[PDB]
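Student: Here it is: the structure, laid out below.
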Amino acid sequence: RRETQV
Amino acid sequence: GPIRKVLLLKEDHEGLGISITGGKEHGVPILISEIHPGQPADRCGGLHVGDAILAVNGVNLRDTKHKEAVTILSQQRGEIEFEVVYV
Ligand SMILES: *c1cc(O)c(O)cc1N(C)N=O
């Protein structure tokens, strides 16, 4: 699953 | 839910303090999946896991791919207005 910390 | 506009204040060195999922290629909005303790989203409040991010500082994120949204979000500095809705 695509998950990004920003 | 109703749309809310929420202001975050980010020191230049820190991130927004959120994790996001979703985007155009996934057939769902950009969604906040995590709020990181002690970081801007957590400190300022008003944002929640499950909120969709419709726009940031006037940039429409409703039809952007995941990576495009990450890039736009990563470029924001200082005082940052999120337009969000609880889905
Ligand atoms: C963020 C963090 C913090 O401690 C205060 O007092 C206020 C903010 N906000 C919402 N800045 O716009």
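Chain labels follow the order of the structure tokens: the first chain is A, the next B, and so on; residue numbering restarts at 1 in every chain, and ligands are counted from 1 in their shown order.
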Which residues of chain B are close to chain A, meaning at most 12 Å apart when you count only C-alpha atoms, and how do they look as a VMD selection string?
Tutor: chain B and resid 10 14 to 23 25 to 26 30 to 36 39 to 41 65 to 76
Student: Just N, CA and C atoms for this one: save the residues we selected as a compact mmCIF listing (two decimals), in the first residue's frame.
Tutor:
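File produced: result01.txt:
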# COMPACT_ATOMS: atom_id res chain seq x y z
N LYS B 10 4.62 25.42 10.41
CA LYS B 10 5.74 24.49 10.25
C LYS B 10 7.06 25.25 10.32
N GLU B 14 11.21 21.12 9.86
CA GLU B 14 10.34 19.97 10.12
C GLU B 14 9.41 19.64 8.96
N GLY B 15 8.84 18.44 8.98
CA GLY B 15 7.85 18.07 7.99
C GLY B 15 6.49 18.53 8.47
N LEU B 16 5.45 18.20 7.72
CA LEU B 16 4.07 18.50 8.15
C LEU B 16 3.63 17.63 9.33
N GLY B 17 4.24 16.46 9.45
CA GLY B 17 3.91 15.52 10.51
C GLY B 17 2.69 14.66 10.20
N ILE B 18 2.47 14.35 8.93
CA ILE B 18 1.40 13.44 8.56
C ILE B 18 1.91 12.33 7.63
N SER B 19 1.21 11.20 7.62
CA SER B 19 1.36 10.24 6.52
C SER B 19 0.10 10.31 5.68
N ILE B 20 0.25 10.18 4.36
CA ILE B 20 -0.90 10.17 3.47
C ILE B 20 -0.96 8.94 2.58
N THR B 21 -2.18 8.54 2.25
CA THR B 21 -2.42 7.46 1.30
C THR B 21 -3.32 8.00 0.20
N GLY B 22 -3.62 7.17 -0.79
CA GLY B 22 -4.57 7.54 -1.82
C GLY B 22 -4.01 8.41 -2.93
N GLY B 23 -4.92 9.01 -3.69
CA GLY B 23 -4.57 9.77 -4.89
C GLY B 23 -5.31 9.24 -6.11
N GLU B 25 -4.61 7.75 -8.92
CA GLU B 25 -4.41 6.41 -9.45
C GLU B 25 -5.05 5.33 -8.56
N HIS B 26 -5.40 5.71 -7.33
CA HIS B 26 -5.98 4.77 -6.37
C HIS B 26 -7.50 4.90 -6.25
N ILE B 30 -6.60 11.96 -1.49
CA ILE B 30 -5.46 11.96 -0.59
C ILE B 30 -6.02 11.91 0.82
N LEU B 31 -5.61 10.90 1.58
CA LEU B 31 -6.15 10.68 2.92
C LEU B 31 -5.07 10.72 3.97
N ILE B 32 -5.35 11.37 5.09
CA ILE B 32 -4.40 11.33 6.20
C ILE B 32 -4.52 9.99 6.92
N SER B 33 -3.41 9.25 6.92
CA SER B 33 -3.39 7.92 7.53
C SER B 33 -2.70 7.91 8.89
N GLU B 34 -1.83 8.89 9.13
CA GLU B 34 -1.15 8.99 10.42
C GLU B 34 -0.92 10.44 10.78
N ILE B 35 -1.00 10.73 12.08
CA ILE B 35 -0.61 12.02 12.60
C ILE B 35 0.54 11.78 13.59
N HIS B 36 1.67 12.43 13.33
CA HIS B 36 2.89 12.14 14.09
C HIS B 36 3.07 13.03 15.31
N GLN B 39 4.74 16.84 16.00
CA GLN B 39 4.99 17.52 14.73
C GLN B 39 3.84 18.49 14.42
N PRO B 40 3.96 19.30 13.35
CA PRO B 40 3.00 20.41 13.17
C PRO B 40 1.53 20.02 13.19
N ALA B 41 1.15 18.99 12.45
CA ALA B 41 -0.25 18.61 12.42
C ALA B 41 -0.75 18.26 13.82
N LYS B 65 -2.22 12.69 -8.74
CA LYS B 65 -1.65 11.40 -8.35
C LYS B 65 -0.97 11.53 -6.99
N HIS B 66 -0.81 10.40 -6.31
CA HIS B 66 -0.16 10.36 -5.00
C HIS B 66 1.16 11.13 -4.97
N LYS B 67 2.05 10.84 -5.90
CA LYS B 67 3.36 11.47 -5.90
C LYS B 67 3.31 12.99 -6.11
N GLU B 68 2.43 13.44 -7.01
CA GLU B 68 2.24 14.88 -7.22
C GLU B 68 1.81 15.56 -5.92
N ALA B 69 0.88 14.94 -5.20
CA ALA B 69 0.42 15.48 -3.92
C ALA B 69 1.56 15.54 -2.89
N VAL B 70 2.33 14.46 -2.78
CA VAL B 70 3.49 14.43 -1.88
C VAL B 70 4.43 15.61 -2.18
N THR B 71 4.73 15.81 -3.45
CA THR B 71 5.63 16.88 -3.86
C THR B 71 5.10 18.26 -3.49
N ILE B 72 3.85 18.53 -3.84
CA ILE B 72 3.24 19.81 -3.48
C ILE B 72 3.27 20.02 -1.96
N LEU B 73 2.90 18.99 -1.21
CA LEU B 73 2.83 19.10 0.25
C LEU B 73 4.23 19.36 0.82
N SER B 74 5.23 18.71 0.25
CA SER B 74 6.61 18.82 0.72
C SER B 74 7.20 20.20 0.44
N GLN B 75 6.62 20.91 -0.51
CA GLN B 75 7.14 22.23 -0.89
C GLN B 75 6.61 23.37 -0.03
N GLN B 76 5.57 23.09 0.76
CA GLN B 76 4.91 24.14 1.53
C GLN B 76 5.80 24.57 2.66
Student: Can you tell me which residues come within 10 Å of ligand 1 when counting only C-alpha atoms and all ligand atoms, ideally as a PDB file with C-alpha atoms, in the first residue's frame?
Tutor:
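Just written: part-v4.pdb:
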ATOM      1  CA  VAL B   6      -7.099  24.314   9.017  1.00  0.00           C
ATOM      2  CA  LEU B   7      -3.856  26.236   9.472  1.00  0.00           C
ATOM      3  CA  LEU B   8      -0.576  24.519  10.313  1.00  0.00           C
ATOM      4  CA  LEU B   9       2.589  26.311  11.327  1.00  0.00           C
ATOM      5  CA  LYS B  10       5.735  24.491  10.246  1.00  0.00           C
ATOM      6  CA  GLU B  11       9.292  25.425  11.242  1.00  0.00           C
ATOM      7  CA  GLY B  38       5.030  16.438  18.368  1.00  0.00           C
ATOM      8  CA  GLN B  39       4.993  17.521  14.726  1.00  0.00           C
ATOM      9  CA  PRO B  40       3.005  20.405  13.174  1.00  0.00           C
ATOM     10  CA  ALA B  41      -0.255  18.608  12.423  1.00  0.00           C
ATOM     11  CA  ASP B  42      -0.273  17.198  15.964  1.00  0.00           C
ATOM     12  CA  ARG B  43       0.756  20.458  17.682  1.00  0.00           C
ATOM     13  CA  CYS B  44      -1.739  22.642  15.866  1.00  0.00           C
ATOM     14  CA  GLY B  45      -4.607  20.144  15.862  1.00  0.00           C
ATOM     15  CA  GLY B  46      -7.634  20.317  13.591  1.00  0.00           C
ATOM     16  CA  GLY B  78       5.588  28.410   7.105  1.00  0.00           C
ATOM     17  CA  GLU B  79       1.869  28.946   7.514  1.00  0.00           C
ATOM     18  CA  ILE B  80      -0.048  26.335   5.514  1.00  0.00           C
ATOM     19  CA  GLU B  81      -3.806  26.153   5.009  1.00  0.00           C
TER      20      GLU B  81
END
Student: So what do you get for CA of residue 86 (chain B) versus CA of residue 51 (chain B), distance-wise?
Tutor: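 We find that CA of residue 86 (chain B) and CA of residue 51 (chain B) lie 4.3 Å from each other.
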Student: Enumerate as a PyMOL selection string all residues of region 2-44 of chain B assigned to alpha helix (DSSP H) by DSSP on the backbone, naming them with the chain letters and numbers the document uses.
Tutor: chain B and resi 40-44
Student: Please produce a file of those selected residues containing N, CA and C atoms, as a tab-separated table (two decimals), in the first residue's frame.
Tutor:
chain	number	residue	atom	x	y	z
B	40	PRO	N	3.96	19.30	13.35
B	40	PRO	CA	3.00	20.41	13.17
B	40	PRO	C	1.53	20.02	13.19
B	41	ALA	N	1.15	18.99	12.45
B	41	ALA	CA	-0.25	18.61	12.42
B	41	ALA	C	-0.75	18.26	13.82
B	42	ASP	N	0.08	17.57	14.60
B	42	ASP	CA	-0.27	17.20	15.96
B	42	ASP	C	-0.33	18.42	16.88
B	43	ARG	N	0.65	19.31	16.77
B	43	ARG	CA	0.76	20.46	17.68
B	43	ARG	C	-0.37	21.45	17.47
B	44	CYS	N	-0.75	21.64	16.21
B	44	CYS	CA	-1.74	22.64	15.87
B	44	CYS	C	-3.15	22.09	16.03
Student: Considering only C-alpha atoms, state which residue in the set B:61, B:37, B:84, B:27 is at the smallest distance from residue 4 (chain B).
Tutor: B:84
Student: Residues near residue 87 (chain B), anyone? I mean within 7 Å using only C-alpha atoms, not counting same-chain ones fewer than 2 positions away, as a list in words.
Tutor: residues 1, 50, 51, 52 and 85 of chain B
Student: So what do you get for CA of residue 63 (chain B) versus CA of residue 28 (chain B), distance-wise?
Tutor: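 So the two atoms, CA of residue 63 (chain B) and CA of residue 28 (chain B), lie 9.2 Å apart.
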Student: Using Å and a single decimal, report how far CA of residue 29 (chain B) sits from CA of residue 55 (chain B).
Tutor: 10.5 Å
Student: Could you pull out the strand (DSSP E or B) residues of region 22-84 of chain B from DSSP and send them as a ChimeraX atom specification?
Tutor: /B:22-23,28-35,51-56,59-60,78-84
Student: Deliver the residues from the most recent selection as a file, using N, CA, C and O atoms, as a JSON list (two decimals), in the first residue's frame.
Tutor:
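New file again10.json:
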[["chain", "number", "residue", "atom", "x", "y", "z"],
["B", 22, "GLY", "N", -3.62, 7.17, -0.79],
["B", 22, "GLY", "CA", -4.57, 7.54, -1.82],
["B", 22, "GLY", "C", -4.01, 8.41, -2.93],
["B", 22, "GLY", "O", -2.79, 8.55, -3.09],
["B", 23, "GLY", "N", -4.92, 9.01, -3.69],
["B", 23, "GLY", "CA", -4.57, 9.77, -4.89],
["B", 23, "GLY", "C", -5.31, 9.24, -6.11],
["B", 23, "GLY", "O", -5.95, 8.20, -6.07],
["B", 28, "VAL", "N", -9.28, 7.22, -4.88],
["B", 28, "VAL", "CA", -9.71, 7.76, -3.60],
["B", 28, "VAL", "C", -8.95, 9.04, -3.37],
["B", 28, "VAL", "O", -7.88, 9.24, -3.95],
["B", 29, "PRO", "N", -9.47, 9.92, -2.49],
["B", 29, "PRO", "CA", -8.78, 11.18, -2.22],
["B", 29, "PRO", "C", -7.45, 10.93, -1.54],
["B", 29, "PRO", "O", -7.19, 9.81, -1.09],
["B", 30, "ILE", "N", -6.60, 11.96, -1.49],
["B", 30, "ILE", "CA", -5.46, 11.96, -0.59],
["B", 30, "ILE", "C", -6.02, 11.91, 0.82],
["B", 30, "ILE", "O", -6.81, 12.78, 1.21],
["B", 31, "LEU", "N", -5.61, 10.90, 1.58],
["B", 31, "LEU", "CA", -6.15, 10.68, 2.92],
["B", 31, "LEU", "C", -5.07, 10.72, 3.97],
["B", 31, "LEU", "O", -3.99, 10.17, 3.77],
["B", 32, "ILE", "N", -5.35, 11.37, 5.09],
["B", 32, "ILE", "CA", -4.40, 11.33, 6.20],
["B", 32, "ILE", "C", -4.52, 9.99, 6.92],
["B", 32, "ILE", "O", -5.58, 9.64, 7.46],
["B", 33, "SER", "N", -3.41, 9.25, 6.92],
["B", 33, "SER", "CA", -3.39, 7.92, 7.53],
["B", 33, "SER", "C", -2.70, 7.91, 8.89],
["B", 33, "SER", "O", -2.95, 7.03, 9.71],
["B", 34, "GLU", "N", -1.83, 8.89, 9.13],
["B", 34, "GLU", "CA", -1.15, 8.99, 10.42],
["B", 34, "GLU", "C", -0.92, 10.44, 10.78],
["B", 34, "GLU", "O", -0.66, 11.28, 9.92],
["B", 35, "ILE", "N", -1.00, 10.73, 12.08],
["B", 35, "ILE", "CA", -0.61, 12.02, 12.60],
["B", 35, "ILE", "C", 0.54, 11.78, 13.59],
["B", 35, "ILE", "O", 0.40, 11.02, 14.56],
["B", 51, "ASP", "N", -9.27, 12.22, 7.53],
["B", 51, "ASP", "CA", -9.57, 13.43, 6.76],
["B", 51, "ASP", "C", -9.00, 13.28, 5.36],
["B", 51, "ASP", "O", -7.89, 12.79, 5.19],
["B", 52, "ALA", "N", -9.77, 13.71, 4.36],
["B", 52, "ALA", "CA", -9.27, 13.83, 3.00],
["B", 52, "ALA", "C", -8.68, 15.23, 2.83],
["B", 52, "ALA", "O", -9.27, 16.21, 3.28],
["B", 53, "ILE", "N", -7.53, 15.33, 2.17],
["B", 53, "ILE", "CA", -6.94, 16.62, 1.87],
["B", 53, "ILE", "C", -7.37, 17.00, 0.46],
["B", 53, "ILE", "O", -6.91, 16.40, -0.51],
["B", 54, "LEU", "N", -8.28, 17.97, 0.36],
["B", 54, "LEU", "CA", -8.80, 18.42, -0.92],
["B", 54, "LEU", "C", -7.89, 19.45, -1.58],
["B", 54, "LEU", "O", -7.83, 19.52, -2.81],
["B", 55, "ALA", "N", -7.23, 20.27, -0.77],
["B", 55, "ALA", "CA", -6.32, 21.30, -1.28],
["B", 55, "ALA", "C", -5.35, 21.72, -0.19],
["B", 55, "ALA", "O", -5.63, 21.55, 1.00],
["B", 56, "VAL", "N", -4.20, 22.26, -0.59],
["B", 56, "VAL", "CA", -3.27, 22.85, 0.36],
["B", 56, "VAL", "C", -2.83, 24.20, -0.21],
["B", 56, "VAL", "O", -2.42, 24.29, -1.37],
["B", 59, "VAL", "N", -3.87, 25.00, -3.68],
["B", 59, "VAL", "CA", -3.58, 24.00, -4.71],
["B", 59, "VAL", "C", -4.56, 22.83, -4.60],
["B", 59, "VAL", "O", -4.58, 22.11, -3.61],
["B", 60, "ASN", "N", -5.38, 22.65, -5.64],
["B", 60, "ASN", "CA", -6.37, 21.58, -5.67],
["B", 60, "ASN", "C", -5.67, 20.21, -5.75],
["B", 60, "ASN", "O", -4.95, 19.92, -6.72],
["B", 78, "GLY", "N", 6.16, 27.44, 6.20],
["B", 78, "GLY", "CA", 5.59, 28.41, 7.10],
["B", 78, "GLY", "C", 4.15, 28.13, 7.50],
["B", 78, "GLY", "O", 3.86, 27.11, 8.11],
["B", 79, "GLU", "N", 3.27, 29.06, 7.14],
["B", 79, "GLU", "CA", 1.87, 28.95, 7.51],
["B", 79, "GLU", "C", 1.11, 28.32, 6.34],
["B", 79, "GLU", "O", 1.12, 28.86, 5.24],
["B", 80, "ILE", "N", 0.48, 27.18, 6.59],
["B", 80, "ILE", "CA", -0.05, 26.33, 5.51],
["B", 80, "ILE", "C", -1.50, 25.98, 5.77],
["B", 80, "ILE", "O", -1.83, 25.35, 6.78],
["B", 81, "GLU", "N", -2.38, 26.37, 4.85],
["B", 81, "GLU", "CA", -3.81, 26.15, 5.01],
["B", 81, "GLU", "C", -4.24, 24.87, 4.29],
["B", 81, "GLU", "O", -4.06, 24.75, 3.09],
["B", 82, "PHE", "N", -4.82, 23.94, 5.04],
["B", 82, "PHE", "CA", -5.35, 22.71, 4.49],
["B", 82, "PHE", "C", -6.84, 22.82, 4.36],
["B", 82, "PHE", "O", -7.50, 23.29, 5.29],
["B", 83, "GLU", "N", -7.38, 22.39, 3.22],
["B", 83, "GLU", "CA", -8.82, 22.29, 3.04],
["B", 83, "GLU", "C", -9.11, 20.80, 3.13],
["B", 83, "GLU", "O", -8.61, 20.01, 2.30],
["B", 84, "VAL", "N", -9.88, 20.41, 4.14],
["B", 84, "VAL", "CA", -10.09, 19.00, 4.41],
["B", 84, "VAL", "C", -11.54, 18.69, 4.67],
["B", 84, "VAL", "O", -12.32, 19.58, 5.03]]
